[PDB]
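K.L.:
Sequence, then the experimental structure. Questions to follow.
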Amino acid sequence: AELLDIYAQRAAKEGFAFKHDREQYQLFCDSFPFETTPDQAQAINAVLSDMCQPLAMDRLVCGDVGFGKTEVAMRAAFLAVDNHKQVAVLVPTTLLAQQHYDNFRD
RNA sequence: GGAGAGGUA
DNA sequence: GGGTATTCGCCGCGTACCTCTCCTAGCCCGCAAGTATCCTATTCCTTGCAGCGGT
């Protein structure tokens, strides 16, 4: 019952349509000391395109370990926080909390 | 279908 | 040898109809269903020794 009601409530109303800046997000892209591989960049584009829609984004980023999964989330968080939306990160351990704190702060 | 129990003439 | 007696085992004991109950024990194997130890959050407090005002 609880899960059915949550799904119905989330599928009923329309989520925030993020506003994307091209050149300002380009600086954040320039801050990355690597080149996004064509698949990581494609996941990034899908994520940003979905965030920039009225519909609520529900997505999975299932890729193999160590393939830059974190950076896609960092770009999505930058897009969200550019619009002052208080990104919330949830990791299932303290070491992940500390490591992601360090990486995001950097 | 077969066993066992009871019953009628 | 043999005529006799004695024992032993087999075969047999009516028709027709009506009501009811009950037809293997046990094992095994796989389903599946219900439990003791390991990390990251939480609510639960009770001691030991040095500062420290204050006189």
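P.N.:
Okay, I see it. Residues are numbered from 1 along each chain as shown, chains lettered A, B, ... in the order given.

K.L.:
distance between the ends of stretch A:2-21?
P.N.:
The stretch stretch A:2-21 measures 38 Å between its terminal residues, going by C-alpha to C-alpha, to the nearest Å.

K.L.:
Find the nearest non-adjacent residue to the most centrally placed residue in chain A, please.
P.N.:
In chain A, the C-alpha closest to the average C-alpha coordinate belongs to residue A:76, at a distance of 3.1 Å (C-alpha atoms, centre = their mean). Excluding the flanking residues, the one nearest residue A:76 by C-beta to C-beta, 6 or more residues apart in numbering is residue A:47, at 5.1 Å. Yep, even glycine has a C-beta here, placed from its N, CA and C like the rest.

K.L.:
before we move on, which element is the one you found in?
P.N.:
Applying DSSP states H and E as the criterion places residue A:47 in helix A:38-51.

K.L.:
Check residue A:14 too.
P.N.:
Once you assign secondary structure using DSSP H and E, residue A:14 falls outside every helix and strand.

K.L.:
my guess is it meets residue A:55, correct?
P.N.:
Yes - at 6.7 Å, residue A:14 counts as touching residue A:55 under the criterion of C-beta atoms under 8 Å.

K.L.:
Flag every residue of chain A that's near DNA strand C.
P.N.:
Taking C-beta under 7 Å from any atom of the strand as the criterion, the neighbours of DNA strand C within chain A are A:92-95, A:97.

K.L.:
give me that answer again for 10 Å
P.N.:
Contacts of chain A with DNA strand C, taken as C-beta under 10 Å from any atom of the strand, map to A:91-98.

K.L.:
Identify the farthest-apart pair in those.
P.N.:
Greatest spacing in these, by C-beta to C-beta: A:92 and A:98 (13.2 Å).
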